[PDB]
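S.K.:
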Amino acid sequence: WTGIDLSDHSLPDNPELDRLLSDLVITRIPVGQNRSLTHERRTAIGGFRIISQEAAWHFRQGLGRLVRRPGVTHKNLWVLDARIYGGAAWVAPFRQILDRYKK
Amino acid sequence: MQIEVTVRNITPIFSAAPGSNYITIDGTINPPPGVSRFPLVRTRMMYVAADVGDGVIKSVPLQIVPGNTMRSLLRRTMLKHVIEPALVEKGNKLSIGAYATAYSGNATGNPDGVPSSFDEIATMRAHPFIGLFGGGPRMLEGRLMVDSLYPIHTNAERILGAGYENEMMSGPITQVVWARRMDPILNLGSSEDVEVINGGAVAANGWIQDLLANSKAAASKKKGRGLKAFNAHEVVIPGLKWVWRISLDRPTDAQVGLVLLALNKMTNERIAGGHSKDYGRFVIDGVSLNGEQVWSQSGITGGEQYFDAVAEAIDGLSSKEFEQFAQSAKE
Amino acid sequence: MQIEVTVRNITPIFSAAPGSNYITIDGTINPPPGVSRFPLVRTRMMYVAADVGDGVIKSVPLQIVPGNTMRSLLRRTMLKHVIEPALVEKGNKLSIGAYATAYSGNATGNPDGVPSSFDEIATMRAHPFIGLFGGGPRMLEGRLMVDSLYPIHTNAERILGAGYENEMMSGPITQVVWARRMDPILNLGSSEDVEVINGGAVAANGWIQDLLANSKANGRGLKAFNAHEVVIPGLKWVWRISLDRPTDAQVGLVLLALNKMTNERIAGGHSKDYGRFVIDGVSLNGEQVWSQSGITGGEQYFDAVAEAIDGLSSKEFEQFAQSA
Amino acid sequence: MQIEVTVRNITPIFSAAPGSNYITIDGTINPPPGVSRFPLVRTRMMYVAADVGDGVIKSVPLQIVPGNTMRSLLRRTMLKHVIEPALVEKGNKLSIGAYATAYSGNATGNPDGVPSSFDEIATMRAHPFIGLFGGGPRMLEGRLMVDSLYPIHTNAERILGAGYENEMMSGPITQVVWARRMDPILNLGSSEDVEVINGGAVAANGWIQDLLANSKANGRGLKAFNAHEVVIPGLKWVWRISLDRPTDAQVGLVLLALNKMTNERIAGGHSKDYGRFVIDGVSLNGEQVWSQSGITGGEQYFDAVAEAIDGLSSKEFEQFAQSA
Amino acid sequence: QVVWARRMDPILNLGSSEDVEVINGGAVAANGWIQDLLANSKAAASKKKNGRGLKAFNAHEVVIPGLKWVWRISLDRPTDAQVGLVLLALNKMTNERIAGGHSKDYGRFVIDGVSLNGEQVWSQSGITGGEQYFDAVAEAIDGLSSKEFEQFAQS
Amino acid sequence: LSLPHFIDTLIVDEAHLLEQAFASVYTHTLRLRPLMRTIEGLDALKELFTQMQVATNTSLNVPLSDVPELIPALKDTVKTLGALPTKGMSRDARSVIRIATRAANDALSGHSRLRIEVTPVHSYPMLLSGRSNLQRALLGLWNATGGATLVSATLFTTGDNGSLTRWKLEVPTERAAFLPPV
DNA sequence: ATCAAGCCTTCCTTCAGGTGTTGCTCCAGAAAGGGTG
DNA sequence: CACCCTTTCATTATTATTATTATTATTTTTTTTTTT
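Protein chains in written order, with the entry's author numbering: chain Z, 523 to 625; chain H, 1 to 223, 240 to 347; chain U, 1 to 217, 239 to 345; chain L, 1 to 217, 239 to 345; chain F, 175 to 223, 239 to 344; chain R, 224 to 264, 274 to 287, 292 to 418.
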């Protein structure tokens, strides 16, 4: 999810032919992915706002694996969690990052 | 000066909410009718836009003390501890209309819409106390601007921007406290207990017969008011952290010094109400002056220019400004 | 004027809370329905901000006796132990309205919404007892402010400012106490026990058969089994009593009742001796003035109340209780 | 008026704490399931704040006999050996309601809504039996405050602030006592034993088959195994009997009930002889009056209860019990 | 939400001899105020079946706090100094209030965002960006003179 | 010694991990199986494991509310591990002894939490004394910093809202500044 | 090293109809005159 | 002179109201790092 370089270093000068990661798929919204003591205390203070916040952070870090440099082309993003396409309100932040892409 | 003060109430807060609220014996607020209900006097509530969940922004009730209330409290502390002491150690004295103007803003109702002189408005807004509380019959704009008391709470997250995410509560924040009000002569047990009552046993038994006759009257009405009144009132729980934002649009240093000297007298003062039940006692645990933390446990230990300014303005305090403030143009 | 009266209850404290709480055979409180449900009368609890995880402050329960009740206990001790002996000692007799206005806040549950005259207000707020306890038909404000009794518990560490950190206790402070009332006519036993009953054994037998009738099916029999949650005994409590610009007689009256306050029950559970307490200390504006024999020091307050109870008369109480 | 009855228990003390508790073969009260738990009814326990280590007070266990239990006990000995002999010697006849209210504080389960008139309160309060234990339909307050039986134990050092500093027990004070049921028809052995059963040996044999059919397979048969936690004998307890402006007759009644206190049992488990005890000392307001031959001292109380026993009619018990 | 406010008489809220020595006339003046209020109350009670006192219980409905408000500022072909002036006002607007209610301290607010032609330009510490607006208004306010105000006024 | 006592300017790249770094250095873990193999080359620590068995959340975020026999076993572990002879102890074994005694002495204070974990390889027993309140340490870091730059790709929740991350690393709000992102 | 491995009914009852004060106030007009610096 | 201040006129005559309605309760299980 977080902290992996999926760009080709065998293609330094030409990002247009970079093809290490053509398809990124998110099977599930990354809820509850951090269980450290400080974050569990912070969850106990703030409530679900901390969990939804950190879930959005992990979601954007998982979405950052696609583009690592300008000049790449035809990068595929998929999300398969059904809460993305339902009418539920608590998954509302994961819309607006999703709203920064089109078609 | 944008003063922010955090006060920890060490007893409950009861600023009563006007209305006709009820509660059942279990503790459900405002029950459907037909069940046995007892009158509940709720604490002061404001609806606040708050973050429940994420972006589901909603009006939740947050229990506060009104800004008008704590404003009156700020006025009374300075008036009781700074103004009137420094007004009676000298020979100055206040008329009853000018005391009413210094305390209630106005000497009476029915204000004169005739305005006031520009030299007058400038001299009252340069005053230490009158520029803060610009009441009078000709209605001044006072430069003291007092916030409602907010609990540092998850429902007040939009009110309090940052720096208060720690020491911040959540969830339900109140408690219903019940009161009995037991008729005293029902507790009477012997001839030794009854000797202070005029007539002793005859008057006690006569009031007993009155109470039973009123009981038959109540049973007739269901199917003159006694001294048994068992009710409820909702308080804000004690130990909560609250924030209070005093605002001063271009103050004289003496005026914010008056606020700071009042804050010094803020301890051993009562916030909201419930004076019989000791509700509203508190301890200040922080004072910030333009965001700069200026409260130690001994006192302020800061704001020194405002302190010497209000010092010089309270030996310069006299009753002439108060009297010409309270003087009505029609009267 | 701030008083910190630390008491220690000797027997368990039971200030009952209104509401229909229920208890199972075990410790469970207010269970899901269908189980064996027995009625529980819980102690009065209050919620406090407390650090449940050293940074996270949450409204935890903590069992108290309310300051409304505490004010009455302090009021009653002064009323029965100082005020009435001074009244009959000089022969002063109150009316029943002034008597109720001494014990409750007024005589009639209807107050007239009429201002009392200033000189009246100055005499009563300079009166020791009536200055402590306001009210009346014109609804005077007192000078006495009684806070609810609070133990030096780790749930009230935000309530307790300083000087009580070591004294604070930790953990649960409650115990459910079970009570039964059987039928003693079921526990009768012998024909020499029924002779005190009129009619004798057959009449006693008559009661038994109604019980068997009441077994097979609003009248209620004697046999009841229930529970009441109490605070545990031997815990250390603190009490705040505040005094708004008080005259010397008023603080002296407060010290008189508290010193003789040991012979008194914190209200709730009289028959089970629940209210018994001993006062560990009395801090008098931060200064400890309690001893084993009572309040040492504070000599001008005891003097001023001594010259106040000489000169207590009925007419102040009568004019207080007289409705406009 | 304060009374402190210091006793020593001859037999062990079992006052059953409610709660279906469980026990293994060696300790482990309320184990996890599947270890073959046995039913256990523990003795009544009061949680009490105690000085556990230096500077730390914790809510610890201490096994007691309830103050409600021994309130009813003191009332029972009072009524069986003083009050009922008085009403037989003058021939006074109590009603069913008068009897039930004198033993249980109420005639029915419904208290009346009206309060009693003050003459009735004064007459009943003056009366010793009525004053000591109130109640009835109009819910009379009583002058007696009966506190629970604490042992003189470390868990009650905070309770015994004055006196009882010596004679302190450090270790636990409970022992688990195991009682089994046995089936006699399994244990009879011989047919000369069954010649007294009608039906002969075949009836006893057929009952053996009923229990065999239960052993293969919810009518409970016989032969159970039980444990009950008991308070160990020989340990000193303290009783506290407080009084609320008592007449001399009420204190004399208490001392009249107290002198014979030994015949009775401060417990449950009647058949196991649990509750036998000897009073080590009795102090009225701290003064020692107890001897081997009952109470030595308090002669004005005994004279007042002597003159109050005379002229004690049934009509007091009748009028108080009668509901409006 | 309805916020209730009560003014009450503070000559009802007195009550010590130390509370009254500050009064011109003192005890008798306060008692004369009391009897005036009593007579006014009896006159009002007989009127129901014009000088009022100080007791006043009233209500005012307020918008709840924490709500996000939008604010559209449209400049019809402005100069650059005009946009700089609006931006400096939006910078320094944090110490001023909305809709009055000064004593209750109503209208306290914080700016969440400022979109200049749709692109967000507001920072927590003012407006970051639009430096040409800030430079134009800086030269303008160096060039600011009251003679332009007088020629706009009189002639 | 390792770094200056006062840092005049501190720039932290990949900022969002920095808080986790503090959560790793203030957590002291006792690993039971490498110690148990090292001593073979005490019975009280076997009883400590048997007592750790009795306490899917297994002793999460609980400082001292469960003490079945945890503190006598901890004190016995401390004394049986600290009194073994250093002479003859291997130069790589004393490191295992010291890290285990440091974990046990971090659990000794009661100022830190406790949490048990298992390895991915097998169900081996893991004892951890971590801390969930890092305000004093991070405040001591930001006191020794004159000015700092918060740098990462992932710092802001919505817009420039860095109040969550300011509440991660306990940055003083008087000193915090949440610059507009790119 | 094992069995017997808790049984039955208790499972609430009154009192608590809250009452008083608050029940709004100002101003939103420009002439034309007379006494000023 | 410009400005700044004090006092005249009218007589109107009922007076509906927005009847909208007002205080909560949802997840979930990683396995890092490169410090003493």
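Built from N, CA and C at the ideal position, the CB exists for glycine as well.
(1) Could you tell me which of U:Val52, U:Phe338, U:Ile64 and U:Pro128 sits nearest to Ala278 of chain U, measuring between CA atoms?
(2) At the 8 Å Cβ level, is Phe246 of chain L part of the contact set with chain H, yes or no?
(3) Which same chain residues end up closer than 6 Å to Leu333 of chain U when comparing Cβ atoms and leaving out the 5 residues on each side of it in sequence?
(4) So what does DSSP say about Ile287 of chain L, is it helix, strand or coil?
(5) Identify whether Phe298 of chain L lies in helix, strand or coil by the three-state DSSP scheme.
(6) Under 7 Å Cβ-Cβ, which residues of chain H neighbour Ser399 of chain R?
(7) Should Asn369 of chain R be flagged as near chain U, meaning a C-beta pair shorter than 8 Å?
(8) Given 8 Å as the limit, is there contact between the region 302-315 of chain L and the region 181-200 of chain F, that is, 3 or more CB pairs closer than that?
(9) Keeping to the same chain, check which residues put their C-beta closer than 6 Å to that of residue 226 of chain H; ignore five residues upstream and five downstream.
(10) Strictly below 8 Å CB to CB, what residues from chain F border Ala126 of chain U?
(11) Is any beta-carbon of chain H found at less than 8 Å from that of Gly569 of chain Z?
(12) Considering only their Cβ atoms, is the gap separating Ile262 of chain L from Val5 of chain L smaller than 8 Å?
(13) Compute the beta-carbon to beta-carbon distance between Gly67 of chain U and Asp294 of chain H, rounded to the nearest angstrom, for a pair I have assumed lies under 8 Å.
(14) List the residues of chain U that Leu186 of chain F touches, going by C-beta distances under 8 Å, in chain order.
(15) Indicate the three-state DSSP secondary structure (helix, strand or coil) for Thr252 of chain R in the structure shown.
(16) Please tell me whether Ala217 of chain H has its Cβ less than 8 Å away from any Cβ of chain L.
(17) Is it buried or exposed, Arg8 of chain H, if we count other Cβ atoms within 10 angstroms and call 16 or more buried?
(18) What in chain Z is Cβ-close to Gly395 of chain R, meaning under 7 Å?
(19) Just how far apart, CA to CA, sit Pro18 of chain U and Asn239 of chain U?
(20) Would you verify that the beta carbon of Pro615 of chain Z is, or is not, closer than 8 Å to some beta carbon of chain H?
(21) Note down the Cα distance separating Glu320 of chain L from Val326 of chain L, rounded to an integer number of angstroms.
(22) Taking the Cβ atom as the reference point for each residue, do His291 of chain H and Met145 of chain U lie within a distance shorter than 8 Å?
(23) Going by the beta-carbon positions, is the gap between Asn21 of chain H and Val48 of chain H smaller than 8 Å?
(24) Check whether the Cβ of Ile287 of chain F lies closer than 8 Å to any Cβ atom in chain U.
(25) So, using beta-carbon positions, are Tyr99 of chain L and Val196 of chain U closer together than 8 Å?
(26) Using a Cβ-Cβ cut-off of 6 Å (strictly less than) and excluding sequence neighbours within five positions of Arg590 of chain Z, which residues of its own chain qualify?
(27) What does the Cβ neighbour count give for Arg564 of chain Z, buried or exposed, with the cut at 16 atoms within 10 Å?
(28) Taking a Cβ distance cut-off of 7 Å, strictly less, list which residues of the region 56-67 of chain U are near chain Z, in chain order.
(29) Under 8 Å by Cβ, that's how I've got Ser368 of chain R and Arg349 of chain R pegged, so tell me the actual separation to the nearest angstrom.
(30) Using a C-beta to C-beta distance shorter than 8 Å, which residues of chain L count as neighbours of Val196 of chain H?
(31) Determine the chain R residues that contact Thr317 of chain F at a beta-carbon separation under 9 Å, and present them in chain order.
(32) Residue range of the beta strand (DSSP E) that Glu250 of chain H falls in?
(33) Contact criterion: CB-CB distance below 8 Å. Does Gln209 of chain F meet it with respect to chain H?
(34) What does DSSP give as the partner residue(s) for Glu308 of chain H in the beta ladder?
(35) Can you tell me which of F:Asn198, F:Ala218, F:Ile185 and F:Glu285 puts its alpha carbon nearest to the alpha carbon of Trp207 of chain F?
(36) Would the region 171-180 of chain L and the region 103-121 of chain L be scored as touching if the rule is three or more Cβ pairs under 8 Å?
M.R.: By the coordinates alone:
(1) For this step, residue 278 of chain U is matched to residue 257 along the third sequence. For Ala278 of chain U, the nearest C-alpha among the options comes from U:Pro128.
(2) One-based indexing of the fourth sequence puts residue 246 of chain L at position 225. With 8 Å as the cut-off, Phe246 of chain L does not count as an interface residue toward chain H.
(3) Looking up residue 333 of chain U in the third sequence gives position 312. Only residues of its own chain outside the window of five on either side were considered, and among them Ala86 have a CB closer than 6 Å to the CB of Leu333 of chain U, listed in chain order.
(4) Sequence index remark: in the fourth sequence, residue 287 of chain L carries index 266 (1-based). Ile287 of chain L: coil per DSSP, three-state reduction.
(5) Within the fourth sequence, numbered from 1, the residue matching residue 298 of chain L stands at position 277. Residue state, collapsed to three classes: strand.
(6) Locating residue 399 of chain R in the sixth sequence gives position 163, where the first residue counts as 1. Result: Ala162 and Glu165.
(7) On the sixth sequence, residue 369 of chain R is found 133 positions in, with the first residue counted as 1. At least one chain U Cβ lies under 8 Å of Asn369 of chain R.
(8) Output reads no: the region 181-200 of chain F does not touch the region 302-315 of chain L.
(9) Within chain H, residue numbering steps from 223 directly to 240, and residue 226 of chain H belongs to the interval with no atoms modelled.
(10) Taking the third sequence and counting its residues from 1, the one referred to as residue 126 of chain U is at position 126. Neighbours of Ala126 of chain U on chain F, chain order: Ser190 and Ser191.
(11) The sequence position of residue 569 of chain Z within the first sequence is 47, counting from 1. Output row for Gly569 of chain Z: interface = yes.
(12) Taking the first residue of the fourth sequence as 1, we reach residue 5 of chain L at position 5. Taking the first residue of the fourth sequence as 1, we reach residue 262 of chain L at position 241. Closer than 8 Å, so yes.
(13) By 1-based counting over the third sequence, the position of residue 67 of chain U is 67. By 1-based counting over the second sequence, the position of residue 294 of chain H is 278. The pair is a contact, with the Cβ atoms about 5 Å apart (cut-off 8 Å).
(14) Mapped onto the fifth sequence, residue 186 of chain F falls at position 12. Within 8 Å Cβ-Cβ: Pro115.
(15) The residue you call residue 252 of chain R lines up with position 29 of the sixth sequence. Here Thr252 of chain R sits in strand by DSSP.
(16) Along the second sequence, read from residue 1 onward, the residue named residue 217 of chain H stands at position 217. Output row for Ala217 of chain H: interface = no.
(17) The residue labelled residue 8 of chain H in the question sits at position 8 within the second sequence. It counts as buried.
(18) Within the sixth sequence, residue 395 of chain R is the residue found at index 159, counting from 1. Per Cβ cutoff of 7 Å: no residues; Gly395 of chain R is ~11 Å from chain Z at best.
(19) Taking the first residue of the third sequence as 1, we reach residue 18 of chain U at position 18. Taking the first residue of the third sequence as 1, we reach residue 239 of chain U at position 218. Cα to Cα, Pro18 of chain U sits roughly 23 Å from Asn239 of chain U.
(20) Looking up residue 615 of chain Z in the first sequence gives position 93. True, the Cβ-Cβ gap to chain H drops below 8 Å.
(21) Indexing the fourth sequence from 1 puts residue 320 of chain L at position 299. Indexing the fourth sequence from 1 puts residue 326 of chain L at position 305. Approximately 10 Å, taken between the alpha carbons.
(22) What you label residue 291 of chain H is simply residue 275 of the second sequence in a count that begins at 1. What you label residue 145 of chain U is simply residue 145 of the third sequence in a count that begins at 1. In contact: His291 of chain H and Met145 of chain U (Cβ atoms closer than 8 Å).
(23) As a working mapping, residue 21 of chain H is identified with position 21 in the second sequence. As a working mapping, residue 48 of chain H is identified with position 48 in the second sequence. Against a cut-off of 8 Å, the Cβ pair of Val48 of chain H and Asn21 of chain H comes out as no contact.
(24) For this step, residue 287 of chain F is matched to residue 98 along the fifth sequence. No - not a single Cβ of chain U is within 8 Å of the one on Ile287 of chain F.
(25) Stepping through the fourth sequence from its first residue, residue 99 of chain L is reached at position 99. Stepping through the third sequence from its first residue, residue 196 of chain U is reached at position 196. Result yes, Cβ atoms of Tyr99 of chain L and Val196 of chain U sit closer than 8 Å.
(26) On the first sequence, residue 590 of chain Z is found 68 positions in, with the first residue counted as 1. If the five residues before and after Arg590 of chain Z are omitted, its C-beta is found closer than 6 Å to the C-beta atoms of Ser529, all from its own chain and listed in chain order.
(27) Position 42 of the first sequence, counted from the start, is the residue given in the question as residue 564 of chain Z. The residue is buried, with at least 16 neighbouring Cβ atoms inside 10 Å.
(28) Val56
(29) By 1-based counting over the sixth sequence, the position of residue 368 of chain R is 132. By 1-based counting over the sixth sequence, the position of residue 349 of chain R is 113. About 6 Å separates the two Cβ atoms, so the contact holds.
(30) Taking the second sequence and counting its residues from 1, the one referred to as residue 196 of chain H is at position 196. Residues of chain L passing the Cβ test: none, with the nearest at roughly 14 Å.
(31) Taking the first residue of the fifth sequence as position 1, residue 317 of chain F is located at position 128. Chain R residues near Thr317 of chain F: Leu415 and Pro416.
(32) For this step, residue 250 of chain H is matched to residue 234 along the second sequence. Counted as a single uninterrupted DSSP element, the beta strand (DSSP E) harbouring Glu250 of chain H occupies residues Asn247 to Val252.
(33) Counting from 1 along the fifth sequence, the entry for residue 209 of chain F is found at position 35. No - not a single Cβ of chain H is within 8 Å of the one on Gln209 of chain F.
(34) On the second sequence, residue 308 of chain H is found 292 positions in, with the first residue counted as 1. Answer by DSSP bridge pairing, in chain order: H:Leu305.
(35) As a working mapping, residue 207 of chain F is identified with position 33 in the fifth sequence. Ranking F:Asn198, F:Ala218, F:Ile185 and F:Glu285 by Cα distance to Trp207 of chain F puts F:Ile185 first.
(36) no
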